[PDB]
Amino acid sequence: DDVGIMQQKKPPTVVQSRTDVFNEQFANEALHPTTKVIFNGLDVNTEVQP
Amino acid sequence: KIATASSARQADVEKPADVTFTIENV
Amino acid sequence: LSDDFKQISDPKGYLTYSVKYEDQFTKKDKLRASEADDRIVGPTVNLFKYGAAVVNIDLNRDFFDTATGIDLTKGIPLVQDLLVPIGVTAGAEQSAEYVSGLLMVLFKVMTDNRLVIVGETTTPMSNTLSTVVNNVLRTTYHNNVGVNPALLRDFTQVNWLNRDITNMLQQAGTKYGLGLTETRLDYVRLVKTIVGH
Amino acid sequence: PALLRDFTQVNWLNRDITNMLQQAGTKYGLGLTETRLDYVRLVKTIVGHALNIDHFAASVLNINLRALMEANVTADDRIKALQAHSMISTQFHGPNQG
Amino acid sequence: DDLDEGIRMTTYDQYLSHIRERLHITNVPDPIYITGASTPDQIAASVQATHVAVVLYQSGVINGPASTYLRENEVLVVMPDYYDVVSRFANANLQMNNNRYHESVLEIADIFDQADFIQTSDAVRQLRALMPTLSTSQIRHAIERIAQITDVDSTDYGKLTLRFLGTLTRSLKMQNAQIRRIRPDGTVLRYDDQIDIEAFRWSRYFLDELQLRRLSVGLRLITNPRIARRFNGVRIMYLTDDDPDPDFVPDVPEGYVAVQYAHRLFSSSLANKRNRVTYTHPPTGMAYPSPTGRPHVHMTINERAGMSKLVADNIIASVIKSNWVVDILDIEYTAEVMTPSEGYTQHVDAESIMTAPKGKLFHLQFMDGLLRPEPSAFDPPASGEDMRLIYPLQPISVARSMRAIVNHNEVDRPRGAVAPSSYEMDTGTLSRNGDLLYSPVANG
Amino acid sequence: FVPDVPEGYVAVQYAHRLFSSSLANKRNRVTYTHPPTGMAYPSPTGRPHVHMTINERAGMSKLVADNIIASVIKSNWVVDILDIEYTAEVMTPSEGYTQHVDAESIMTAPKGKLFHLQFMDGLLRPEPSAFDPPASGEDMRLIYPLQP
Amino acid sequence: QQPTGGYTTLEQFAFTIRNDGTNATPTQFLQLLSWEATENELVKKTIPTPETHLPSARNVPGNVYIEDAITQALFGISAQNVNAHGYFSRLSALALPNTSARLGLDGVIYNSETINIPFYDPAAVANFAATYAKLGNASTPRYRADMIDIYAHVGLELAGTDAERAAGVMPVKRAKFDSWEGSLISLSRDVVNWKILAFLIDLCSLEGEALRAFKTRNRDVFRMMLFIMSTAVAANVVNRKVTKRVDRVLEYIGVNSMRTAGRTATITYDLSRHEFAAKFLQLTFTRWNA
């Protein structure tokens, strides 16, 4: 029950793009859990508060 | 550092009886 | 004579214990114990580091070495070209490779004609080692001990345990205790006596 | 001084120690005691130790931490304050607001 | 009264094979015949002789009591092939019914009293049940290659040679043998004591006795839950990857219907131009072209060998958007349950789970999950969820002895943590023989 | 054609207050907190049916957006966006698309920007040969004009 | 393997605590609380009758520690990952007409002959797991307990003077008391330690006349059960000074604030933990009322 501290490893992020009209043929859907990010990378949260 | 993974199996030694030259009881 | 047996020193069972430890945990209070008891509860607790996640009872290649086929690795024994489909070519990583891993192995157990010889046992006496471990020990424990969940009691930090051990080897049944017991045979002879370990 | 008992030759002592940490009061004991807090958190738990250290100096030590524990500075709070510094209406999104 | 509380009866072939040769050796006059007439007395007298409690049936209805006496006594009755096996008995009160079974092993020893022939155990049916039925040619090979590992180079073993002809090779199947001595007319005599050795009456398996012992001990080991590490049926289900224990199979909600997969369902029809591969849904014909919006179906796959690389994918596709739960019941893979710190590698993709040959037993690997440390209190929030598909249909992790050796908050046991089982350190005495047994529980 | 928002739906008003970030099971989800009965929903998969109306689209972290557009998907949410301004070409099934307003931005780009999204005009579409075997990706569109 | 007559009210199952150090049966500790009322009201509504369908019984290999786990989660100190089916799918079994899994006295689940461990009556526990298995649902989307309405109940149930306020309404009361540094948490753990099952198995069994006699007997053990539990949720908690003595002050005793950070003065529900407690209360309450 303790804050990370170290640097654990996470399930690779496959980026979902979802464009105006996208075509949906998930035939390679990798089975091991994965995180799907809709917006190109962009997590933007950088303003360290010393 | 980046939190590693590690495995260890339980050792195993079974030398084949070392013939000795000493009794130990009269 | 007729070599119908092999006297080996410290035997190697079939199943073993194999532990995987997330390597980032590590209680920092350091527990150091009697130099002697660090030798009984030596490997046991050491293998049982603080932060091992899943612990499995494999079959152990140490005894089922590839010298007989059964190439373990995966939990499955998995022999090899034992019962193939005559006329073709195996089938890379087939399923029956395993019904068969199970066969040669039953077969190995089928013939483990090996005898045992007390080997480099040691005797520590009370004061040298701890009270807890001491009841467990009945005198002259084999020098090349093994590993075993109990005997890891009150020697391990994992605080809950001493609820499932210090209160496990507490019930009526389950009286642990390595060492050198009295085996009905005790003084039977041969070409040496027989001790019971 | 105590903890030096029955470990020191000065024979009279074990009259003023082995019979000092003998009275009702004065129960010595370094180590790691149970401090009412025990499982209180922070960014780590708090353990209670009893090092040998004088008490003026230690009371002071007790005071900083015990007090730090009582001034909940939730970061939603730092943000609210930081909010104060920027083009009146600007949106701040970050850590849970607690 | 249910399960293992009625009448037991076994097929004549089973009786012949395993139980019959033993009867010949004890001498006791062969069994009796369940006949329509025979009263509870005849059955009693017969078992009073053979003293084995088996009665052979070959006469119309069993009727009247006795059949009842049979409930009172094991007296498994052996009979030629099953069917109408209720039309045989006269259950004058409807209970018997050609469809109520607890097909059981009945470890032979619980029939014979002179257990000096009986050996091994029910543990073998467990094992041979797995062997893929082999052919005589097949066994020549299994044996030829075992002997090879043993180092005892075998040749012309089991074969023949005779110059002039070829080296035509006999078969090798043999099941159980009896080195019975044949009357001149070339046809097996019934083993007689005062004419043939006493080392032939009932030949173990041609395995020296000492050798036979580590074998009951071994098969005992082989047939052990903690070494059954080759599982079956995966479930494919869409979901949020949240659960520590890998031996966690997402159960199915209330709505979902049970549909046994088959080729008959997925036709290929036209809808809005395009040939959407409509699925029809048996319960009420309603072809649903587009994957999205089908109707809460629980897909069960047993086949999986006749899928087109697309009908199947579409079904998998529908799994995603429709939460269809497809259970692939025929796969046999081997788990791993390997700690979070170095998570995954061998990547099974959905296309493969679906088209893999029936043989290939592929390695999968579930997450350990429990030993992952809490994420920070300032960790940049994660936006999109993790999706997980493959699940194990049966409880994995059996090999697991203990797991989660680490304090929770310094006293409470983390959830999912195991602690070793008592029996795995109850090291008790030895019997009044040799077999090492546990410690009494204070009751001998 | 403009998608009619179904029956069982709640009309939800979009205040910045709703999408509080917040720890929820070993990780920090972006828990949206449904106004009718103020109980939070840690992920997109839960989330009840919401018809969520977006007018400022001013603050709203790039991050809060990844999630809503993203969850419209996973949970059938419908977001109704109004301070957009986009012309709308209507090319025929022959020059079928050459744009694709990526939602990254249709979702979060200056309050001005006038993107030219473009619908298809399927009516002169060819009806697939009565026999040929099917193909298997449904093709959809995640943005519909809100007015005729 | 002992019957009943009331499962609690039997030595082993006593409920005590720590009054800065002593013990005192909870009733004795709750009589040391004070409520300043403050606008609003907590109009109790109606707990939505349970989600009848419970998780499927999956064998699973192991000894599900249930008393300990259920509580570690309810008023623990952080249960890492609560709701996981694993522990409940298994607990479901116990809810069948005929099984082996006996519920071990200490608070566990076994097979065939548990051996040594003197489990509970097989019937009592039968009625028990009947409902408290559903508890392994709170996780799933269509069964969430929907918590802020439920806390309305917790309140006139905990505070709110008898009868008077036991009439559907009352003002959120900001609760305060003479504490003793790290009071709330130290107190909670005395409770994590508590033997819950003894309380429920008895609550989900006892006939009807006896049931009421029992409701009164644990009126307080139960109020205490959730006082420490509600403070997990109640917004701000600070210390009000007085005259050398300190008085812990609790934001609002009834208005769950759906806060998930980690205070210091108290416990703290991760988000999913609310998913759990919310559900647990739905059941105990539907049950407490009958």
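Sequence order as written determines residue numbers, which begin from 1 on each chain and need not coincide with the entry numbering; residues that lack coordinates are not included. Think of it this way: whatever chain is written first is A, whatever ligand is written first is 1, and the rest follow in order. This view covers only part of a larger assembly, and the values given relate to that part. For the side-chain quantities, the full set of heavy atoms in the structure was used; hydrogens and water were omitted.

cryo-EM is the method the PDB entry lists for this structure, together with a resolution of 3.1 Å.

Okay, the overall build of chain G next. Helix and strand counts for chain G come out as 10 helices and six strands. Relative to the globule expectation of 19 Å for 290 residues, the C-alpha radius of gyration of chain G, 19 Å, shows essentially globular dimensions. Its C-alpha atoms give chain G principal-axis dimensions of roughly 60 × 40 × 40 Å. Think of it in three bands: residues with accessible area under 20% of the maximum for their type are buried, residues over 50% are exposed, and the middle band is partly exposed, with areas taken using a 1.4 Å probe on protein chains only. Buried residues in chain G amount to 61% of all 290 residues. Of all intrachain contacts in chain G linking residues separated by at least 6 positions in sequence, the fraction that spans at least 24 positions is 77%. Note that accessible areas follow from Shrake-Rupley with a 1.4 Å probe, and for residues the cover is restricted to the protein chains shown. Approximately 11200 Å² of chain G is accessible, and the part contributed by carbon and sulfur atoms is 50%. Charge-centre separation for chain G: the mean point of 30 positive side chains lies 4 Å from the mean point of 27 negative side chains. Only DSSP runs of H or I covering at least 4 residues are called helices, and only runs of E covering at least 2 are called strands; the numbering of each starts at the N terminus. Values of the radius of gyration come from C-alpha atoms, whereas the globule rule sets the reference at 2.2 Å times the count of residues to the power 0.38. Contacts: residue pairs with any heavy atoms within 4.5 Å of one another. In this tally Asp and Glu are treated as negative and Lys and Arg as positive; neither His nor the chain ends contributes. For charged residues, the charge sits on one atom: NZ in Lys, CZ in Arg, CG in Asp, CD in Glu.

Contact with chain E, which involves 72 residues of that partner, is made by 74 residues of chain C. Summed over both partners, the accessible area (1.4 Å probe) lost when two parts come together is defined as the buried area. Carbon and sulfur atoms make up 67% of the surface buried where chain E meets chain C, a total of about 6200 Å² over both sides. What makes a salt bridge here is a side-chain nitrogen of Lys or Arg within 4 Å of a carboxyl oxygen of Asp or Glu, nothing more. On the surface where chain E and chain C come into contact, there are one salt bridge. Between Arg413(E) and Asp164(C) there is a salt bridge, and its shortest N-O distance comes to 2.6 Å. Any pair of N or O atoms that falls within 3.5 Å is considered a polar contact. Within protein, one atom must be able to donate a hydrogen and the other to accept it, and sequence-neighbouring residues count only if both atoms are side-chain atoms. The tally of links from chain E across to chain C stands at 21 residue pairs in polar contact.

Another aspect to go through is the sheet that holds strand β3 (residues 52-56) of chain C. In spatial order, the strands read β1(B)-β2(C)-β3(C)-β10(E); together these four strands make up an open sheet with antiparallel pairing. The strands lining the two open edges of the sheet, one partner per strand, are β1 (5-9) of chain B together with β10 (400-403) of chain E. With strand direction ignored, the average angle separating the axes of adjacent strands in the sheet is 15 degrees. At least two DSSP bridges between two strands are needed for those strands to be called paired. To obtain each axis, a line is fitted to C-alpha atoms, and for helices this fit is confined to the stretch in contact; angles are then taken between N-to-C directions over 0 to 180 degrees.

Residue and element names in this part refer to chain G. If you look at the biggest cluster of nonpolar residues, it comprises 121 residues, and the most contacted ones within it are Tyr-120 and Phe-227. Tallying contributions element by element places helix α9 (residues 219-233) first for this core, with 10 residues. Leaving out residues up to four positions away in the same chain, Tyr-120 has contacts with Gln-1, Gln-2, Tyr-7, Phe-13, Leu-103, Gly-104, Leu-105, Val-125, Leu-197, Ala-198 and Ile-201. Take the buried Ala, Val, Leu, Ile, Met, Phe, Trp, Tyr and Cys residues and link them wherever side-chain atoms come within 4.5 Å; each set so joined is a nonpolar core.

Quick look at the pattern of salt bridges now. Summed over all chains, the structure comprises 32 salt bridges over all chains. The salt bridge partner of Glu24(A) is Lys321(E), with a shortest N-O separation of 3.1 Å. You can see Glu24(A) sitting in strand β2 (residues 21-24) and its partner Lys321(E) sitting in helix α7 (residues 311-322), one on each of two chains. Residue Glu24(A) is classed as buried on the basis of its relative accessible area of 14%.

Now for unusual backbone geometry. Not every positive phi belongs to a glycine, and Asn25(F) is a case in point at roughly 80 degrees. For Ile115(G), which is not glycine, the phi torsion reads 70 degrees and is therefore positive. Tracing the sequence through the fold places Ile115(G) in the loop between β3 (108-109) and α4 (122-132). For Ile115(G), a relative accessible area of 26% gives the class partly exposed.

All names here are of chain E. Look at helix α1 (residues 12-26): 20 Å from first C-alpha to last across 15 residues, which is about the 21 Å you get at 1.5 Å a residue. Helix geometry: α1 is bent most strongly at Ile-19, by close to 50 degrees. Taken together, the buried positions of α1 are occupied by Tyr-15, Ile-19, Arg-22, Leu-23 and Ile-25. On the buried face of α1, the contacting elements are β1 (9-11), β3 (55-57) and β4 (77-79). Downstream of α1 by a residue or two, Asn-27 has a phi angle that is positive, lying close to 100 degrees. Here the expected span of a helix is defined as 1.5 Å times the quantity of residues minus one. Bend, in this description, refers to the angle at a residue between axes fitted to the seven residues ending there and the seven starting there.

A few words now on the environment of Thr264(G). Among the structural elements, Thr264(G) can be located in the loop between β6 (246-250) and α10 (271-288). Separated by 79 residues in sequence, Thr264(G) and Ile185(G) have C-alpha atoms that sit 8.4 Å apart. What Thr264(G) contacts, discounting residues up to four positions off in sequence, is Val40(D), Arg41(D) and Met69(D).

It is worth spelling out the pairing of strand β4 (residues 50-54) of chain F at this point. The buried fraction of β4(F) is high, at four of five residues. The handedness of a crossover follows from its direction of travel: if, with the strands pointing away from the viewer, the path from the first strand over the helix to the second runs clockwise, the crossover is right-handed. As for the winding sense of the linkage, the β-α-β connection from β4(F) through helix α1 (residues 62-75) of chain F to strand β5 (residues 78-81) of chain F is right-handed.

The next point concerns the arrangement of the chains. Ranking the 16 pairs of chains in contact by number of contacts places chains C and E first. Left apart from each other, chain C and chain F have a closest C-alpha approach of 16 Å. Between chain B and chain G there is no contact, and the shortest C-alpha to C-alpha distance separating them is 20 Å.

What follows concerns the sheet that holds strand β2 (residues 33-34) of chain E. Residues and elements named next belong to chain E. The strand order across the open sheet formed by four strands is β1-β4-β3-β2, and the pairing between neighbours is parallel. Two strands in the sheet have a free side with no partner beyond their single neighbour: β1 and β2. By the bridge criterion, two bridges tie β3 to β4 in an arrangement that is parallel. By the bridge assignment for β4, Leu-56 is matched with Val-78. Running at roughly 85 degrees to β1, α1 makes contact with β1, β3 and β4 of the sheet.

Residues and elements named next belong to chain G. The topology assignment puts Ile-117 in the loop between β3 and α4. The class for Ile-117 is partly exposed, based on a relative accessible area of 27%. Contact partners of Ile-117, with chain neighbours within four places excluded, come to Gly-104, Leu-105 and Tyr-110.

When two helices pack together, their arrangement is given by the angle between their axes and by how far apart the axes lie. Residues and elements named next belong to chain G. In contact at an axis separation of 10 Å, helix α5 (residues 147-158) and α9 are set at 135 degrees when each is read in the N-to-C sense. Classed by the angle they form, the pair α5 and α9 counts as oblique. You can see that α5 and α9 cross each other, and the crossing is left-handed. Contacts between α5 and α9 involve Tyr-151, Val-154, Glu-157 and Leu-158 from the former and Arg-219, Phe-222, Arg-223, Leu-226, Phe-227, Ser-230 and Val-233 from the latter. The cut-offs work like this: below 35 degrees is roughly parallel, past 145 is roughly antiparallel, 65 to 115 is roughly perpendicular, and the gaps in between are oblique. It is the rotation of the near helix from the far one that decides the hand of a crossing: anticlockwise by less than a right angle makes it left-handed, clockwise makes it right-handed.

Taken together, the side chains of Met174(E), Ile179(E), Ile197(E), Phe200(E) and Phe206(E) present a nonpolar region at the surface, about 450 Å² in accessible area. Within the secondary structure layout, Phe206(E) lies in the loop between α5 (136-150) and α6 (209-222). Residues form patches when they are more than 30% accessible in relative terms and have no salt bridge. Like charges link within 9 Å. Nonpolar side chains (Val, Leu, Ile, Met, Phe, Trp, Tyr) link within 5 Å.

This brings us to the interface of chain F and chain A. Residue-level contacts link 28 residues of chain F with 17 residues of chain A. In terms of surface lost to chain A, no three residues of chain F exceed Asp66(F), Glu104(F) and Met140(F), which account for 27% of the buried area on that side. Where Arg141(F) meets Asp20(A), a salt bridge forms, and the shortest distance between an N and an O atom there is 3.2 Å. Taken together, the links from chain F to chain A amount to nine residue pairs in polar contact. If you list the elements that add at least two residues to the side of chain F that touches chain A, you get α1, α2 (103-107), β7 (117-118) and β8 (138-141) of chain F.

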